[PDB]
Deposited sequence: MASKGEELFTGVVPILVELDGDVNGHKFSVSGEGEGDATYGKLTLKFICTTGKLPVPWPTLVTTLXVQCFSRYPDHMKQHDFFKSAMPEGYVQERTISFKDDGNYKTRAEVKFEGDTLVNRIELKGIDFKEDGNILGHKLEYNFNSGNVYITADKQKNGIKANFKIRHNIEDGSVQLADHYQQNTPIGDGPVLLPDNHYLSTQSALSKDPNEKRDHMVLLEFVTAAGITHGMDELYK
């Protein structure tokens, strides 16, 4: 699967979500260049106004574009599952608030890497930082800690995202993640390691739709 990522790969993202009964959809398009751990995407809410803050969707909205250093190539599960793909499931628990449960299939459709997601959010506070839109439009750098899940022929990840609240505080979003291959072939089961991420959120000045432009760089580290 790593062979599929030596060049620039078009990406499509499609999400359907329901947060406390507020249904919405997001479509994204862009490209990835895993050689450089680089992603550039534009996401649009196709149903109107997004009912949650864009930063809370960043992690849900293709870790196969991570740059794995040559010395860690044997630990890249994500590319090894391609093209048939993988299922990526998360529970994202927002401290003192609700949670998202996500299910995604990440796979090739022809030359395009597609991330198709269903998101369900429950138990959110109408006056909280998420439904109340009190989060800043930015995204902090962080680490994603990966371990093998041999019994499921996949991986698990754990990490904490810290969303900045407008008043100066932070909204923690605890992430628990499981990935399992869709095809019945072999994959790479990694040693413990992490992914180091940085992300820049912007706007398209001519876009009147509710949207997010995202530039992300991700690099694997942790094994020498």
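inquiry  = Could you spell out the stretches of the deposited sequence that were left without C-alpha coordinates, going in sequence order?
reply    = Absent from the structure are positions 1-4, 66, 230-237.
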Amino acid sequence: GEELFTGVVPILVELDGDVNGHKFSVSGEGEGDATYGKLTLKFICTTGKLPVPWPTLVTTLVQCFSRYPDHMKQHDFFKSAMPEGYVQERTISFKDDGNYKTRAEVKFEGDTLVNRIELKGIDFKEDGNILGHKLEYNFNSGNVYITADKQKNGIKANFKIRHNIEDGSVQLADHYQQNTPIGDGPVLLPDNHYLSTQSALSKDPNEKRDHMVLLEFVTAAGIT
From here on, numbers count along this sequence of modelled residues.
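request  = Read off the CA B-factors in the entry, average them over 199-207 and over 18-26, and name the higher stretch.
outcome  = If you average the C-alpha B-factors of 199-207 and of 18-26, the larger mean comes out for 199-207.
key: Mean temperature factor over C-alpha atoms, higher-scoring stretch between 74-82 and 121-129   = Per the deposited B-factors, the answer is 121-129.
Per the PDB entry, maximal CA B factor within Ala157, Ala34, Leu61, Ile182 = The record points to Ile182.
task = Quick one: which of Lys95, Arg90, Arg116, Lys150 shows the highest Cα temperature factor in the PDB entry?
result = The listed residue with the largest C-alpha B-factor is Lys150.
task = Can you work out whether the C-alpha temperature factor of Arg162 puts it in the lowest, middle or highest third of the chain?
result = According to the entry, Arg162 has a C-alpha B-factor in the chain's middle third.
request  = Sorting the chain's modelled residues by C-alpha B-factor, tell me whether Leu41 ends up in the lowest, middle or highest third.
outcome  = Ranked within chain, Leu41 CA B lands in the middle tercile.
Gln178 - Cα temperature factor, lowest/middle/highest third of chain = According to the entry, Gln178 has a C-alpha B-factor in the chain's middle third.
Third of chain Cα B-factors occupied by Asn192 = Ranked within chain, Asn192 CA B lands in the highest tercile.
ask   = By the record's CA B-factor, is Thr56 among the lowest, middle or highest third of residues in the chain?
value = Lowest third of the chain for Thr56's C-alpha B-factor.
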